Structure formats: structure tokens, C-alpha cells
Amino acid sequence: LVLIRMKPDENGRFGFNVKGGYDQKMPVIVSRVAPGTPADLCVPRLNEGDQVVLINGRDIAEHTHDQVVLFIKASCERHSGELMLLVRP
């Protein structure tokens, strides 16, 4: 497991796509990392296929698709204003 933090661009976006959830019965995986985005250019670097376990320190094993999606955009869970992600490549 490798931890990855980052911050959104001026439009508050990050530049990666997700899929899965409790509703899709799929683990939550990175679907694509657009180049040039923050998520493309962080160290350690996000990549397609990493499985996410936590977001800002929250176990999402039993959460849905729209629910997770709301978790990321909640720009207030971010300490120092960076979005913390824990993934399992």
C-alpha cells in the first residue's frame, strides 16, 4: 500500500476517473488518469487500476458510487487543502 496526496486545479478538478462501488459490486479502481492533471503528476503517482481503500481517512468498503464521489468533492475533509488517498496497486 502506497499513500498519495494531491490538490485540485483552479477549477477544483483532479483529472482521474473512477468506477465500482458497493452498488456496482466492484472495488473502487482508477479508470483513467488524464495526462497533465494533478493525479498524473503526483509522487507517488496515481495510475490506472490502483484500488483505493481510504479517502481523507475513511474506509469506503461498504459505500456506494455516488457516495464516494461525494466524498472526494467534499473540499473540507482536506487537511492543508490536499486530498489524501490510500491505494493498493
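Each residue number is its position in the shown sequence, starting from 1.
In the record comparison, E77 is unmodelled in at least a third of the other entries of this protein that model the residues flanking it.
Of the two segments, 68 to 76 and 20 to 28, the one listed with the higher mean B-factor is 20 to 28 (C-alpha atoms only). For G57, the recorded CA temperature factor ranks within the middle third of the chain's modelled residues.
The deposited CA B-factor of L85 belongs to the lowest third of values across its chain.
Among the modelled residues of its chain, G36 has a C-alpha B-factor that falls in the lowest third, as given in the PDB entry.
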